[PDB]
Amino acid sequence: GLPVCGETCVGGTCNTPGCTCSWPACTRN
């Protein structure tokens, strides 16, 4: 739920394990 991944996902995918794309920011929980 929170953008604490230090990653953006404009292309729609996150590479940081445990993080997922809440477009356009990677979020964890």
# chains A, B, ... in the order shown; residues from 1 in each chain; ligands from 1
call {"tool": "residues_around", "arguments": {"residues": "residue 3 (chain A)", "least_positions_apart": "2", "cutoff": "10 Å", "atoms": "only C-alpha atoms", "output": "PyMOL selection string"}}
result
chain A and resi 1+5-8+19-22+25-29
call {"tool": "select_by_dssp", "arguments": {"residues": "chain A", "states": "strand (DSSP E or B)", "output": "number ranges by chain"}}
result
A: 2, 8, 20-22, 25-28
call {"tool": "write_last_selection", "arguments": {"atoms": "N, CA, C and O atoms", "output": "mmCIF file, in the first residue's frame"}}
result
data_model
loop_
_atom_site.group_PDB
_atom_site.id
_atom_site.type_symbol
_atom_site.label_atom_id
_atom_site.label_comp_id
_atom_site.auth_asym_id
_atom_site.auth_seq_id
_atom_site.Cartn_x
_atom_site.Cartn_y
_atom_site.Cartn_z
ATOM 1 N N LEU A 2 2.093 1.206 0.369
ATOM 2 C CA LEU A 2 2.919 2.415 0.522
ATOM 3 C C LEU A 2 4.136 2.476 -0.408
ATOM 4 O O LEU A 2 4.817 1.476 -0.629
ATOM 5 N N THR A 8 9.941 3.719 -9.318
ATOM 6 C CA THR A 8 8.754 4.078 -10.092
ATOM 7 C C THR A 8 8.511 3.000 -11.132
ATOM 8 O O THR A 8 9.427 2.274 -11.503
ATOM 9 N N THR A 20 5.122 -3.921 -5.818
ATOM 10 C CA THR A 20 4.242 -4.116 -6.946
ATOM 11 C C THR A 20 3.827 -2.751 -7.512
ATOM 12 O O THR A 20 3.965 -1.734 -6.836
ATOM 13 N N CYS A 21 3.354 -2.706 -8.754
ATOM 14 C CA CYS A 21 3.082 -1.403 -9.370
ATOM 15 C C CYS A 21 1.687 -0.865 -9.048
ATOM 16 O O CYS A 21 0.697 -1.423 -9.492
ATOM 17 N N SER A 22 1.625 0.203 -8.252
ATOM 18 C CA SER A 22 0.420 1.024 -8.140
ATOM 19 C C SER A 22 0.642 2.207 -9.049
ATOM 20 O O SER A 22 1.170 3.229 -8.607
ATOM 21 N N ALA A 25 3.795 4.335 -9.252
ATOM 22 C CA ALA A 25 4.801 4.122 -8.217
ATOM 23 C C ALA A 25 4.779 2.689 -7.687
ATOM 24 O O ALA A 25 3.713 2.084 -7.524
ATOM 25 N N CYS A 26 5.964 2.145 -7.422
ATOM 26 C CA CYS A 26 6.070 0.839 -6.778
ATOM 27 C C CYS A 26 5.740 0.953 -5.292
ATOM 28 O O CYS A 26 6.218 1.864 -4.608
ATOM 29 N N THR A 27 4.905 0.033 -4.809
ATOM 30 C CA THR A 27 4.422 0.040 -3.432
ATOM 31 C C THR A 27 4.653 -1.299 -2.748
ATOM 32 O O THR A 27 4.717 -2.341 -3.395
ATOM 33 N N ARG A 28 4.768 -1.262 -1.428
ATOM 34 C CA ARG A 28 4.807 -2.475 -0.635
ATOM 35 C C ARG A 28 3.679 -2.384 0.388
ATOM 36 O O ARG A 28 3.629 -1.438 1.174
#
